[PDB]
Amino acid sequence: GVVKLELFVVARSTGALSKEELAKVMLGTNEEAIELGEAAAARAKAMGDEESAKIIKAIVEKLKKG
C-alpha cells in the first residue's frame, strides 16, 4: 500500500526503473516489489545517487518482512 507507493515514487523520480518494472511494483506481488526495489537501489548506486540508494533500501527493508 503506502510502502510500495513510497518505493514507486523514489524509483520513478530516480529514473531507475522502466515503465513495465514500475507497473509491476504497483500492481504486482510483494516479492516482485522487493526484487525490483533491490534492482532499483543497485541502479541508484550505479548512477552515483547514494541518497536514493539508501532511501530505496530502507523502503525495501520495510517491504520485506511484511
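Throughout, we count residues from 1 along the sequence that is shown.
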Is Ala41 in the lowest, middle or highest third of its chain when residues are ranked by C-alpha B-factor? highest
The third of the chain into which the C-alpha temperature factor of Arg12 falls is the lowest
For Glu51, the third of its chain by CA B-factor is the highest
Would you mind ranking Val2 by its C-alpha B-factor against the rest of the chain and naming the third, lowest, middle or highest? middle
